[PDB]
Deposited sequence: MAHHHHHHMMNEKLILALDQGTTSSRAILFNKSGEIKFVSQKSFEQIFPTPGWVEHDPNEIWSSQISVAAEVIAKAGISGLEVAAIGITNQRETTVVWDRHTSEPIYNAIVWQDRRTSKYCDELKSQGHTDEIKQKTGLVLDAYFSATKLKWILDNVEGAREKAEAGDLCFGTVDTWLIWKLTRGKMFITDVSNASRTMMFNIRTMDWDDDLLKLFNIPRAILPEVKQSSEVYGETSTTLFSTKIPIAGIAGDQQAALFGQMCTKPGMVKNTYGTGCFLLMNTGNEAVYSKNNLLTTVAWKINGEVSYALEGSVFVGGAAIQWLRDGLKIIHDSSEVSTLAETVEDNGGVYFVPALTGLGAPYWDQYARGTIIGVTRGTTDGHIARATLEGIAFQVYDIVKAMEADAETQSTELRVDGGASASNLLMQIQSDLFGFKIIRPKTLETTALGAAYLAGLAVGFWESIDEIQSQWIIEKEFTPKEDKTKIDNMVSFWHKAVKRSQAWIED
């Protein structure tokens, strides 16, 4: 009979569960959104209990939807929004605070303190990361320093830290497995990517007790079975979502690159077994560990990509569904002079301005909602443009193509705009959910669903190519006004 691989993809915006077959084809998908909590502008939080309820309910749903039961599932693969920090009671499994999301800006001033104290080069060398509110360590420190009774419980060994993967695996195993993988660990700013170990010097700097940390495991390995209560399904793959997308795009050789258009926008290049330090404001990170071999990546991180479309839908309410942004944008011929820097949670690479905020500029009396949707799409593509120009310099290579994926990559208009900005081709494959696909791959190799990586190479199938159709001079004048708008967005928040 038929066997399937289950990928759980716990995203910033929704949790997904997808069933793949041996051909890498999606057979069934369930998806469920969960609340984006903003206690004050600049802060972003998730209910850790709704992360779990949304993720496990769509897991039950997709199996049921498939007409099958857990008996037909070969293995579970876990991938997740990265950096986001959960802290719970080791004995009751209750979160002691909400999850603080990677987008949250509240630790910006402390990160600036750490820069002024001289820690930038030490942090970069050990972790590949920059001193930004983006990563987990300062969020963990915030919870231990601010939640009533948290510091004393952590020093007694009664607390657990996790990125979302660890939280989900904890809940899936009734607390019997407290683990993370190297790729998720590398995003915490507590994990030395050169020694591939939690860094006691960094733990000392952040005043974090080592006992609160999970065990770091490789990205593809039978770690154990589920036991929420219950069905015994092997959990065999873990990876941060953007690394899993890289794995899902077959970018397993040095120099291969993809960009994901999801809640944010993330460009990752595989750098083999060498940690490459950026000269152009990008991150050094761990790609995965498989068969005992570590692979590294360079990364450009854009905080708000598709989330700017979600803002048009839920905040501004000028569209009813995400898919209408392209239709609305096409009611106008161009951006009409409007530029939208979507720094709704600050600016990531290459700017790293924790204090920039969302900025729409150039509005006149004839500006319409169509111009706003079109400038939203351009602002997404402008941000990816900037991290690609950073990565090309780090690589000292001019690109001729770019593989793309993620939910916002479904917009043909967005991909054409992006192609036009780049002056080279955009390549969109048949399966846009490469994040979940990569996790399925990682788990499937570990249990033997697939015999080797060569077996799954022929599954990467191009669906549509976009080629540039615009004058390089006019593109450079749009780019010029984009960079001018970005500066207008910066150094806005003072507190």
Deposited seq positions with no alpha-carbon in the coordinates run 1 to 10, 240 to 241
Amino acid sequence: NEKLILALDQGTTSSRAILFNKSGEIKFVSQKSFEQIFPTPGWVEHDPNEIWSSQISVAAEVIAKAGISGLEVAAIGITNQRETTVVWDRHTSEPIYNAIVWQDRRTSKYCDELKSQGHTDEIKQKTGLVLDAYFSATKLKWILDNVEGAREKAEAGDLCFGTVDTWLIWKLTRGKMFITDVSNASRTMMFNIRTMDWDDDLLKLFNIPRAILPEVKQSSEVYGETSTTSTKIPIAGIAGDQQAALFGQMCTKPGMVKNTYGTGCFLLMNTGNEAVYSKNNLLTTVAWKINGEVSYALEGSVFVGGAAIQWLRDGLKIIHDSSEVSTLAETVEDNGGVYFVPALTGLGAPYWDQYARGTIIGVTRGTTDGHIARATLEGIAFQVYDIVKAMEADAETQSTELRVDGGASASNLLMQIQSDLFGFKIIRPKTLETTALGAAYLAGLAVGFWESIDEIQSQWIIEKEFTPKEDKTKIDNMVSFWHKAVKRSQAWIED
From here on, numbers count along this sequence of modelled residues.
Between 387 to 395 and 78 to 86, which has the larger average Cα B-factor in the PDB entry?
-> 387 to 395
For the C-alpha atoms alone, is the average B factor greater in 484 to 492 or in 4 to 12, going by the entry?
-> 4 to 12
Residue set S54, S30, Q457, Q36, per-entry CA B-factor max assigned to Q457
For the listed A439, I453, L432, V44, which has the peak Cα B-factor recorded in the PDB entry?
-> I453
Compared with the other modelled residues in the chain, in which third is the CA B-factor of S323?
-> middle
Cα B factor band for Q249 (lowest, middle or highest third within the chain) | middle
Rank-wise, by C-alpha B-factor, drop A446 into the lowest, middle or highest third of its chain.
-> highest
Going by the recorded CA B-factors, say which third of the chain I68 sits in, lowest, middle or highest.
-> highest
Against its chain's modelled residues, does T226's Cα B factor rank lowest, middle or highest third?
-> highest
